[PDB]
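Undergrad: Data file start.txt (compact mmCIF, C-alpha atoms and all ligand atoms) is appended below.
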# COMPACT_ATOMS: atom_id res chain seq x y z
CA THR W 1 97.82 107.29 87.26
CA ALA W 2 100.23 108.97 84.88
CA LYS W 3 99.01 111.99 82.95
CA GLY W 4 100.39 115.37 82.06
CA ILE W 5 103.41 117.56 81.44
CA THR W 6 106.57 117.01 83.48
CA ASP W 7 107.63 120.00 85.56
CA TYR W 8 110.78 119.69 87.63
CA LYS W 9 110.43 123.21 88.86
CA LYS W 10 107.12 122.81 90.66
CA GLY W 11 108.28 119.39 91.82
CA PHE W 12 111.30 120.74 93.62
CA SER W 13 109.57 123.78 94.92
CA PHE W 14 106.97 121.62 96.57
CA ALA W 15 109.73 119.38 97.91
CA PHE W 16 111.78 122.16 99.59
CA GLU W 17 108.73 123.74 101.19
CA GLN W 18 107.87 120.32 102.62
CA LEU W 19 111.41 120.11 103.94
CA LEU W 20 111.08 123.48 105.79
CA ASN W 21 107.90 122.97 107.96
CA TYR W 22 109.66 123.15 111.36
CA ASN W 23 106.26 123.38 113.03
CA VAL W 24 105.71 119.67 112.91
CA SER W 25 107.64 117.11 114.92
CA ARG W 26 110.76 116.26 112.87
CA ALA W 27 113.90 114.17 112.69
CA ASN W 28 115.90 117.27 111.73
CA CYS W 29 118.89 115.19 110.69
CA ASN W 30 119.79 114.14 107.17
CA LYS W 31 117.51 116.09 104.89
CA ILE W 32 117.25 114.37 101.54
CA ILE W 33 114.89 114.29 98.57
CA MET W 34 114.78 111.44 96.07
CA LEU W 35 113.04 111.60 92.74
CA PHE W 36 111.91 108.62 90.68
CA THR W 37 111.74 109.55 86.99
CA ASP W 38 112.72 108.26 83.56
CA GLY W 39 114.29 111.06 81.53
CA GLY W 40 114.79 114.77 81.97
CA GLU W 41 115.37 117.52 79.44
CA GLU W 42 115.59 120.26 82.08
CA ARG W 43 118.14 120.45 84.91
CA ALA W 44 116.18 123.01 86.96
CA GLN W 45 119.34 124.95 87.82
CA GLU W 46 117.41 127.86 89.33
CA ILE W 47 115.49 125.95 92.03
CA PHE W 48 118.66 124.50 93.51
CA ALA W 49 120.50 127.79 93.64
CA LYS W 50 118.38 129.29 96.38
CA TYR W 51 116.51 126.47 98.05
CA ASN W 52 119.80 124.77 98.61
CA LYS W 53 122.57 127.23 97.85
CA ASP W 54 124.87 125.65 100.53
CA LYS W 55 123.80 122.11 99.68
CA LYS W 56 122.13 121.32 103.00
CA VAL W 57 119.74 118.96 101.19
CA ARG W 58 120.89 115.83 99.33
CA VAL W 59 119.32 114.87 96.03
CA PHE W 60 119.11 111.31 94.72
CA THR W 61 117.71 110.81 91.20
CA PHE W 62 116.47 107.42 90.04
CA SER W 63 116.05 106.56 86.37
CA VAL W 64 113.68 103.64 85.96
CA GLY W 65 112.58 101.23 83.25
CA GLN W 66 113.89 100.61 79.77
CA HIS W 67 113.54 103.86 77.90
CA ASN W 68 115.22 106.34 75.63
CA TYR W 69 114.78 109.52 77.61
CA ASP W 70 117.88 111.56 78.33
CA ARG W 71 119.60 110.85 81.61
CA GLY W 72 122.25 113.56 81.54
CA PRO W 73 120.21 116.20 83.34
CA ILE W 74 119.20 113.84 86.16
CA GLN W 75 122.79 112.72 86.66
CA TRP W 76 123.79 116.35 86.78
CA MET W 77 121.25 117.06 89.49
CA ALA W 78 122.56 114.18 91.54
CA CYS W 79 126.16 115.30 91.11
CA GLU W 80 125.41 118.92 91.97
CA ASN W 81 123.69 118.05 95.24
CA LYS W 82 126.06 115.43 96.71
CA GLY W 83 123.51 112.66 96.24
CA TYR W 84 123.85 109.68 93.99
CA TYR W 85 122.41 108.20 90.85
CA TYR W 86 120.69 104.82 90.55
CA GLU W 87 119.12 103.11 87.61
CA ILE W 88 116.42 100.51 87.98
CA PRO W 89 115.41 98.65 84.82
CA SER W 90 113.86 95.55 86.32
CA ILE W 91 112.10 94.15 89.34
CA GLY W 92 115.17 92.26 90.49
CA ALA W 93 117.12 95.50 90.42
CA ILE W 94 114.80 97.25 92.88
CA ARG W 95 116.03 95.48 95.98
CA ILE W 96 119.69 96.58 95.92
CA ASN W 97 119.27 100.13 94.75
CA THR W 98 116.57 101.20 97.14
CA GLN W 99 118.74 100.11 100.00
CA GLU W 100 122.05 101.42 98.68
CA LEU O 1 93.22 97.22 35.77
CA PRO O 2 94.50 93.82 34.56
CA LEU O 3 94.74 92.50 38.14
CA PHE O 4 91.05 93.26 38.70
CA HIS O 5 89.79 89.75 38.00
CA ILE O 6 92.38 88.29 40.35
CA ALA O 7 91.47 90.50 43.30
CA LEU O 8 87.81 89.60 42.93
CA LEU O 9 88.80 85.94 43.12
CA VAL O 10 90.74 86.43 46.34
CA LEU O 11 87.60 88.02 47.74
CA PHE O 12 85.40 85.03 47.01
CA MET O 13 87.79 82.82 48.89
CA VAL O 14 88.37 84.96 51.91
CA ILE O 15 84.59 85.00 52.14
CA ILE O 16 84.11 81.26 51.42
CA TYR O 17 86.67 80.11 53.94
CA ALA O 18 85.16 82.47 56.50
CA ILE O 19 81.64 81.05 56.35
CA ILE O 20 83.08 77.55 56.22
CA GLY O 21 85.26 78.41 59.16
CA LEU O 22 82.44 80.05 60.97
CA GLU O 23 80.06 77.04 60.72
CA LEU O 24 82.78 74.61 61.88
CA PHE O 25 84.98 76.46 64.28
CA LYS O 26 82.67 78.93 66.00
CA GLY O 27 83.04 79.10 69.74
CA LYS O 28 85.39 76.19 70.17
CA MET O 29 88.51 77.91 71.44
CA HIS O 30 87.37 79.18 74.82
CA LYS O 31 88.93 76.66 77.19
CA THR O 32 92.39 76.80 78.75
CA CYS O 33 94.21 75.08 81.59
CA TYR O 34 93.88 77.18 84.72
CA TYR O 35 95.52 76.74 88.07
CA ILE O 36 93.01 75.20 90.47
CA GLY O 37 90.80 77.93 91.87
CA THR O 38 92.65 80.81 90.24
CA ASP O 39 92.29 82.88 87.08
CA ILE O 40 95.97 82.32 86.34
CA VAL O 41 96.53 80.52 83.04
CA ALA O 42 99.03 77.66 83.18
CA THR O 43 101.84 77.22 80.66
CA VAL O 44 105.40 75.94 80.27
CA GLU O 45 108.11 78.60 79.89
CA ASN O 46 108.13 78.74 76.11
CA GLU O 47 104.51 77.97 75.24
CA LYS O 48 101.95 80.43 74.13
CA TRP F 1 108.88 131.31 36.47
CA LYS F 2 111.78 128.91 37.08
CA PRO F 3 112.85 128.85 40.78
CA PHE F 4 109.42 129.77 42.08
CA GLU F 5 108.41 126.16 41.75
CA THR F 6 111.68 125.11 43.40
CA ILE F 7 111.61 127.54 46.30
CA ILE F 8 108.37 125.86 47.35
CA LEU F 9 109.70 122.46 46.41
CA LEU F 10 112.55 123.26 48.79
CA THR F 11 110.06 124.41 51.38
CA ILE F 12 108.33 121.06 51.53
CA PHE F 13 111.49 119.06 52.18
CA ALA F 14 111.85 121.25 55.22
CA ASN F 15 108.32 120.27 56.20
CA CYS F 16 109.05 116.57 55.86
CA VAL F 17 111.92 116.92 58.30
CA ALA F 18 109.55 118.88 60.53
CA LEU F 19 107.33 115.82 60.86
CA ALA F 20 110.19 113.37 61.20
CA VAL F 21 111.60 114.97 64.33
CA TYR F 22 108.26 115.19 66.10
CA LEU F 23 108.65 112.76 68.98
CA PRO F 24 105.30 111.25 70.04
CA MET F 25 104.90 111.03 73.78
CA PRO F 26 102.29 109.14 75.75
CA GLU F 27 99.35 110.52 77.70
CA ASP F 28 99.66 114.20 76.73
CA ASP F 29 103.28 114.91 77.63
CA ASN F 30 105.79 117.01 75.72
CA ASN F 31 109.33 118.21 75.42
CA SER F 32 110.72 121.57 74.35
CA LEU F 33 111.31 120.64 70.76
CA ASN F 34 107.75 119.59 70.03
CA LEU F 35 106.59 122.89 71.46
CA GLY F 36 108.72 124.78 69.01
CA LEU F 37 107.60 122.61 66.14
CA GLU F 38 103.88 123.23 66.52
CA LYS F 39 104.60 126.93 66.00
CA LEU F 40 106.56 125.89 62.90
CA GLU F 41 103.56 124.01 61.59
CA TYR F 42 101.75 127.33 61.61
CA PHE F 43 104.59 128.94 59.70
CA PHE F 44 104.54 126.15 57.08
CA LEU F 45 100.78 126.31 56.65
CA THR F 46 100.75 130.02 55.83
CA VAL F 47 103.22 129.68 53.01
CA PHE F 48 101.17 126.97 51.34
CA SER H 1 117.62 77.91 99.16
CA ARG H 2 116.32 75.01 97.08
CA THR H 3 116.06 71.98 99.35
CA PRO H 4 112.52 73.07 100.36
CA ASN H 5 110.29 75.02 97.97
CA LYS H 6 110.22 78.19 100.06
CA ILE H 7 113.21 80.36 99.27
CA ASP H 8 114.70 82.99 101.51
CA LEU H 9 115.21 86.49 100.20
CA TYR H 10 117.00 87.82 103.24
CA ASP H 11 119.61 90.54 102.88
CA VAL H 12 121.75 91.80 105.75
CA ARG H 13 121.82 95.36 104.39
CA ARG H 14 118.05 95.44 104.32
CA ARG H 15 117.78 94.53 108.01
CA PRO H 16 116.60 97.12 110.52
CA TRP H 17 119.44 96.50 112.98
CA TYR H 18 121.91 96.93 110.16
CA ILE H 19 120.26 100.16 109.05
CA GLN H 20 120.17 102.00 112.36
CA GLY H 21 123.91 101.71 112.78
CA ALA H 22 124.63 102.24 109.17
CA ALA H 23 123.64 105.87 109.32
CA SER H 24 121.79 108.58 111.20
CA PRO H 25 117.98 109.13 111.24
CA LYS H 26 116.50 111.00 108.33
CA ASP H 27 113.71 113.21 107.04
CA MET H 28 113.25 112.00 103.52
CA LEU H 29 110.67 113.01 100.96
CA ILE H 30 109.96 110.82 97.96
CA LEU H 31 109.12 112.61 94.75
CA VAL H 32 107.30 110.63 92.16
CA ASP H 33 107.28 111.70 88.52
CA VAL H 34 103.72 111.22 87.21
CA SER H 35 104.00 112.73 83.73
CA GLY H 36 102.55 110.89 80.74
CA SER H 37 105.83 109.44 79.49
CA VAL H 38 106.18 107.34 82.66
CA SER H 39 102.95 105.46 82.05
CA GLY H 40 103.80 102.00 80.83
CA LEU H 41 106.36 99.53 82.16
CA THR H 42 108.19 102.38 83.90
CA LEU H 43 105.17 103.54 85.93
CA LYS H 44 104.73 99.96 87.11
CA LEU H 45 108.33 99.90 88.36
CA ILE H 46 108.06 103.14 90.40
CA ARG H 47 105.18 101.95 92.61
CA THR H 48 107.34 99.00 93.67
CA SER H 49 110.49 101.01 94.28
CA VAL H 50 108.73 103.49 96.60
CA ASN K 1 100.50 92.89 127.26
CA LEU K 2 103.25 92.76 124.61
CA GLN K 3 103.09 89.58 122.49
CA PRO K 4 105.18 87.64 119.96
CA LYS K 5 102.75 88.08 117.02
CA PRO K 6 103.57 91.12 114.84
CA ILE K 7 101.55 94.30 115.29
CA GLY K 8 98.95 94.43 112.57
CA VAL K 9 97.59 97.20 110.41
CA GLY K 10 94.31 97.31 108.55
CA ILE K 11 91.86 94.54 107.77
CA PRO K 12 93.72 91.81 105.86
CA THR K 13 92.49 91.24 102.31
CA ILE K 14 94.15 88.62 100.14
CA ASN K 15 92.79 87.63 96.73
CA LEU K 16 92.57 83.86 96.37
CA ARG K 17 91.93 84.20 92.64
CA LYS K 18 95.45 85.52 92.02
CA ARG K 19 97.82 83.46 94.20
CA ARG K 20 99.44 80.83 92.04
CA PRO K 21 100.10 77.94 94.39
CA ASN K 22 103.90 77.55 94.63
CA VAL K 23 105.85 80.83 94.49
CA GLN K 24 106.38 81.95 98.17
CA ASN K 25 105.87 85.70 98.65
CA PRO K 26 107.59 87.59 101.53
CA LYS K 27 106.30 86.79 105.02
CA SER K 28 107.11 89.76 107.34
CA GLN K 29 109.90 92.03 108.54
CA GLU K 30 108.22 94.76 110.58
CA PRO K 31 109.20 95.51 114.16
CA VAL K 32 106.80 94.88 116.96
CA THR K 33 106.14 98.48 117.97
CA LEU K 34 103.31 98.51 120.44
CA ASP K 35 103.02 101.78 122.35
CA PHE K 36 102.44 102.30 126.04
CA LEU K 37 99.20 104.05 125.42
CA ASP K 38 98.18 101.05 123.31
CA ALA K 39 99.29 98.28 125.66
CA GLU K 40 97.05 99.67 128.40
CA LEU K 41 93.80 101.60 128.62
CA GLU K 42 94.57 105.25 127.96
CA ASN K 43 93.92 107.97 130.47
CA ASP K 44 94.94 111.56 130.67
CA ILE K 45 96.77 110.82 133.91
CA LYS K 46 98.77 108.18 132.04
CA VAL K 47 99.79 110.39 129.15
CA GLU K 48 101.25 112.57 131.89
CA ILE K 49 103.15 109.57 133.29
CA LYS Z 1 125.29 90.67 84.07
CA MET Z 2 127.38 91.99 81.25
CA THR Z 3 130.25 89.55 81.13
CA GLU Z 4 130.96 85.90 81.71
CA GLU Z 5 132.79 86.13 85.01
CA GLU Z 6 129.71 87.70 86.60
CA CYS Z 7 127.20 85.31 84.99
CA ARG Z 8 127.40 82.57 87.63
CA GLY Z 9 125.10 81.52 90.45
CA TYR Z 10 121.34 81.77 90.57
CA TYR Z 11 118.78 84.55 90.08
CA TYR Z 12 115.06 85.33 90.23
CA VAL Z 13 112.44 85.35 87.57
CA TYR Z 14 109.06 86.95 88.17
CA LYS Z 15 106.01 85.41 86.61
CA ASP Z 16 103.62 87.90 84.97
CA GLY Z 17 105.71 90.67 86.47
CA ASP Z 18 104.21 90.29 89.93
CA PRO Z 19 107.06 91.08 92.34
CA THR Z 20 105.62 88.50 94.74
CA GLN Z 21 105.61 85.45 92.46
CA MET Z 22 109.28 84.58 92.07
CA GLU Z 23 111.34 81.44 91.40
CA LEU Z 24 115.04 80.59 91.34
CA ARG Z 25 116.83 79.78 88.12
CA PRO Z 26 120.54 79.28 87.63
CA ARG Z 27 121.99 81.93 85.38
CA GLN Z 28 124.12 80.84 82.47
CA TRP Z 29 126.08 82.57 79.73
CA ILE Z 30 124.33 81.56 76.57
CA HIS Z 31 125.62 82.05 73.08
CA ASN Z 32 123.19 82.92 70.36
CA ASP Z 33 122.07 80.30 67.94
CA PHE Z 34 122.52 82.05 64.59
CA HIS Z 35 125.51 84.27 64.89
CA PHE Z 36 128.43 85.84 63.01
CA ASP Z 37 131.63 84.42 64.29
CA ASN Z 38 133.46 82.98 61.31
CA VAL Z 39 132.73 83.03 57.61
CA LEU Z 40 130.94 79.73 57.78
CA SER Z 41 128.43 80.62 60.50
CA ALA Z 42 128.11 84.06 59.02
CA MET Z 43 126.89 82.49 55.83
CA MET Z 44 124.59 80.25 57.82
CA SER Z 45 122.93 83.30 59.42
CA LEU Z 46 122.68 85.27 56.19
CA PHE Z 47 120.81 82.50 54.39
CA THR Z 48 118.02 82.62 56.97
CA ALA G 1 124.47 78.13 106.12
CA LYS G 2 121.56 77.14 103.91
CA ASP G 3 123.45 74.30 102.22
CA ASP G 4 122.82 70.56 102.41
CA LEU G 5 124.86 69.11 105.28
CA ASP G 6 124.63 65.58 103.89
CA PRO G 7 128.15 64.26 103.61
CA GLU G 8 127.66 62.53 100.28
CA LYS G 9 126.86 65.79 98.43
CA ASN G 10 130.37 67.31 97.85
CA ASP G 11 129.61 70.24 95.53
CA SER G 12 132.97 72.00 96.15
CA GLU G 13 132.63 75.31 94.35
CA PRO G 14 135.93 76.91 93.21
CA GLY G 15 137.61 79.16 95.72
CA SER G 16 135.64 77.75 98.65
CA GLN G 17 135.65 74.68 100.86
CA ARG G 18 132.85 73.86 103.22
CA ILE G 19 132.65 72.53 106.75
CA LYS G 20 130.49 69.76 108.07
CA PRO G 21 129.91 70.77 111.70
CA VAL G 22 128.60 68.56 114.49
CA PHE G 23 125.56 70.44 115.89
CA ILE G 24 124.78 69.82 119.53
CA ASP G 25 121.26 70.71 120.59
CA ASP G 26 120.96 73.60 122.96
CA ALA G 27 118.99 75.72 125.36
CA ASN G 28 119.03 79.55 125.10
CA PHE G 29 118.90 78.71 121.42
CA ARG G 30 115.94 76.54 120.62
CA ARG G 31 117.88 74.98 117.75
CA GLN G 32 120.90 72.72 117.14
CA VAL G 33 124.13 74.73 117.20
CA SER G 34 127.91 74.50 116.86
CA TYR G 35 130.23 76.49 119.14
CA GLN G 36 133.41 75.86 117.16
CA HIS G 37 132.87 78.35 114.36
CA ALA G 38 130.59 80.92 112.82
CA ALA G 39 128.18 80.28 110.01
CA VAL G 40 127.98 82.49 106.99
CA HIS G 41 124.80 83.73 105.32
CA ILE G 42 125.15 84.70 101.67
CA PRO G 43 121.95 86.13 100.15
CA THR G 44 120.49 84.20 97.32
CA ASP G 45 120.91 86.38 94.26
CA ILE G 46 124.46 87.10 95.40
CA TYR G 47 126.94 84.60 94.01
CA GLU G 48 129.53 83.31 96.40
CA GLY G 49 132.88 82.80 94.88
CA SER G 50 132.87 86.29 93.48
CA CA W 201 108.17 113.00 81.65
Give the structure from this file in structure tokens form.
TA:
Amino acid sequence: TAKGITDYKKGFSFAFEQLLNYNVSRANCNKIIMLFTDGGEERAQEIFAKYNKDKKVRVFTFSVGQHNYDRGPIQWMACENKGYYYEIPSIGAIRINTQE
Amino acid sequence: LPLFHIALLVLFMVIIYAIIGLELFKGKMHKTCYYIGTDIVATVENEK
Amino acid sequence: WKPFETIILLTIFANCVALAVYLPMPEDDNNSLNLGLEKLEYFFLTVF
Amino acid sequence: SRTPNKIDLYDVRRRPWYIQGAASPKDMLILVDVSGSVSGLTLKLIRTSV
Amino acid sequence: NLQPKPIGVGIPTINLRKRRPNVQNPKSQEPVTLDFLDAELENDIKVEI
Amino acid sequence: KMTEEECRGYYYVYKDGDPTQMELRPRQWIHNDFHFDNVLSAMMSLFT
Amino acid sequence: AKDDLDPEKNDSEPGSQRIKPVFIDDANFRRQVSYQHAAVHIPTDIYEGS
């Protein structure tokens, strides 16, 4: 259920911490985090500086649905982290972008 | 203030056609075509 | 005297723009510009 | 495709054999944005992408 | 013990009131990953093996 | 599909937005009915 | 693959030309097969002729 303020800083802190467990059994190969969101007004430049200063992690940002929220920050995040950007407006668009 | 006696006449026609249309049309429009054994309503592509 | 009426008639055209850039967002969500406009509402209220 | 009434939606890229040799194994982590703006048609789309 | 039928998860619940009759949903694609400690009765002297 | 060269072959439609209830349709590049393309059809559209 | 093999069809999309193969029945495949060429699977929402 959707409710509340968007915070990309607590969303990528929680993600990186999850990525660093090293106690559990792990793949330990490609480390990547993908966020599904519609529009972002904040690029969260600070979280990426330290958590991934050398770009070990890959970030993929997905913009979904038909909406007017700004996509520039999300695209920037994808570009900064050597990930990719994918839009999904429709149900028939899900199948070739979540495999790509 | 001149359009007062017109507005009162619209209001004794929106009322009259409502009590006419209640007494005739009440509870009639509650049946639709449904797919056998579903709750899915059946239409053609461009029919409401 | 003369521009006192028009310095507060100029104030209210700034308030009408301050309601026209408020962007309504669903289910209690916000952006930065509506958080700097609710402070502005306070500023506008005091002058009146 | 259309000679019966069941229609295949099979994609080679989607296939597991194709995927293991496409790329190396991976520790992913899906973030989902659950803010209020998403609720609507967009929220519906996210649950089906993940 | 391994069999052709796919390995199943959960108790299957399908709603008959919401399947319109002629649309053909996806069937299956999962791999048949039965484990050795699930093909046979588990011991502690078999988890060693 | 944004242009005509791509708007060929078949595609899926989803009924009530369920991603499980899908049906083929051929896609086709359709021109609008009332449109602005010469002065004659532009006056046809404007009248409406 | 996934096209009517009936000779009288003759759709003949531009760019492409089909094959009617002969389809012996087989063991090690529990289906009729042709050893003279390879079939081609195009997924459904992908147009062929692109
Ligand atoms: Ca948001």
Undergrad: As a list in words, please: every protein or nucleic acid residue near ligand CA 201 (chain W) (cut-off 9 Å, counting only C-alpha atoms and all ligand atoms).
TA: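 Using only C-alpha atoms and all ligand atoms, everything at most 9 Å from ligand CA 201 (chain W) comes to residues 4, 5, 6, 7, 37, 38, 39, 40, 41 and 69 of chain W; 25, 29, 30 and 31 of chain F; 33, 34, 35, 36, 37 and 38 of chain H.
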Undergrad: If we count all atoms listed in the file, what is near segment 22-36 of chain O at a cut-off of 8 Å, once residues fewer than 6 positions away on the same chain are taken out, given as a list in words?
TA: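 So, after excluding close chain neighbours, the residues are residues 42 and 43 of chain O; 20 and 21 of chain K.
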Undergrad: Using all atoms listed in the file, find each residue of chain H with at least one atom at most 9 Å away from an atom of chain Z; report its shortest atom-to-atom pair and that distance in Å (one decimal), sort the rows by chain and rising residue number, and return the result as CSV.
TA:
residue,atom,partner,partner_atom,distance
H:1,CA,Z:24,CA,8.7
H:2,CA,Z:24,CA,8.1
H:7,CA,Z:24,CA,8.1
H:48,CA,Z:19,CA,8.0
Undergrad: For a cut-off of 12 Å around (131.3, 89.3, 78.1), file coordinates, pick out all residues using all atoms listed in the file and list them as a PyMOL selection string.
TA: chain Z and resi 1-7+28-31
Undergrad: Now that the selection is made, can you save its residues with C-alpha atoms as an mmCIF file, in the coordinates of the input?
TA:
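part.cif, written as the output of this step:
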data_model
loop_
_atom_site.group_PDB
_atom_site.id
_atom_site.type_symbol
_atom_site.label_atom_id
_atom_site.label_comp_id
_atom_site.auth_asym_id
_atom_site.auth_seq_id
_atom_site.Cartn_x
_atom_site.Cartn_y
_atom_site.Cartn_z
ATOM 1 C CA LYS Z 1 125.290 90.670 84.070
ATOM 2 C CA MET Z 2 127.380 91.990 81.250
ATOM 3 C CA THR Z 3 130.250 89.550 81.130
ATOM 4 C CA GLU Z 4 130.960 85.900 81.710
ATOM 5 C CA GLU Z 5 132.790 86.130 85.010
ATOM 6 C CA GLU Z 6 129.710 87.700 86.600
ATOM 7 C CA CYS Z 7 127.200 85.310 84.990
ATOM 8 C CA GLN Z 28 124.120 80.840 82.470
ATOM 9 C CA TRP Z 29 126.080 82.570 79.730
ATOM 10 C CA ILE Z 30 124.330 81.560 76.570
ATOM 11 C CA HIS Z 31 125.620 82.050 73.080
#
Undergrad: Would you mind listing what lies within 10 Å of residue 50 of chain G as JSON, numbers by chain, with all atoms listed in the file counted and same-chain residues fewer than 3 positions away left out?
TA: {"Z": [5, 6, 8, 9], "G": [14, 15, 46, 47]}
Undergrad: What are the residues of chain K that have an atom within 12 Å of an atom of chain Z, counting only C-alpha atoms, as a VMD selection string?
TA: chain K and resid 18 to 27
Undergrad: Skipping near chain neighbours, those fewer than 3 positions away, what residues fall within 10 Å of residue 46 of chain Z using all atoms listed in the file, listed as a ChimeraX atom specification?
TA: /Z:34-36,41-43
Undergrad: What gap, in Å, lies between atom CA of residue 33 of chain W and atom CA of residue 60 of chain W?
TA: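 For atom CA of residue 33 of chain W relative to atom CA of residue 60 of chain W, the distance reads 6.4 Å.
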Undergrad: Might you pull out every residue within 8 Å of residue 39 of chain H, with only C-alpha atoms counted and same-chain residues fewer than 5 positions away left off, and present them as a list in words?
TA: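 Selected residues are residues 1, 2 and 3 of chain W; 26 and 27 of chain F; 34 and 44 of chain H.
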Undergrad: Name the residues, using the chain letters and numbers of the file, that sit within 10 Å of (129.3, 75.6, 118.7) when counting all atoms listed in the file, and give them as a PyMOL selection string.
TA: chain G and resi 21-26+32-39
Undergrad: Between H:6, H:15, H:47, H:26, which one has atoms that come closest to chain W, using only C-alpha atoms?
TA: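 Among H:6, H:15, H:47, H:26, it is H:26 that comes nearest to chain W.
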Undergrad: For chain G against chain W, with a cut-off of 12 Å and counting all atoms listed in the file, what is the closest atom pair and its distance in Å to one decimal for every residue that makes the cut, ordered by chain and number, as a tab-separated table?
TA:
residue	atom	partner	partner_atom	distance
G:43	CA	W:96	CA	11.5
G:44	CA	W:92	CA	11.8
G:45	CA	W:92	CA	9.0
G:46	CA	W:96	CA	10.6
Undergrad: Take atom CA of residue 76 of chain W and atom CA of residue 46 of chain W and report the distance between them in Å, one decimal.
TA: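 Between atom CA of residue 76 of chain W and atom CA of residue 46 of chain W the gap works out to 13.4 Å.
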Undergrad: In Å to one decimal, how far is atom CA of residue 40 of chain G from atom CA of residue 86 of chain W?
TA: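 Separation of atom CA of residue 86 of chain W and atom CA of residue 40 of chain G: 28.7 Å.
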Undergrad: Distance table requested - chain O against chain K, cut-off 8 Å, only C-alpha atoms: one row per qualifying residue with the closest atom pair and its distance in Å to one decimal, ordered by chain and rising residue number, as a Markdown table.
TA:
| residue | atom | partner | partner_atom | distance |
| --- | --- | --- | --- | --- |
| O:35 | CA | K:20 | CA | 6.9 |
| O:37 | CA | K:17 | CA | 6.4 |
| O:38 | CA | K:17 | CA | 4.2 |
| O:39 | CA | K:17 | CA | 5.7 |
| O:40 | CA | K:18 | CA | 6.5 |
Undergrad: Show me, as a ChimeraX atom specification, the residues that have an atom within 8 Å of residue 57 of chain W when counting only C-alpha atoms, minus same-chain residues fewer than 2 positions from it.
TA: /W:30-33,52,55,59,81
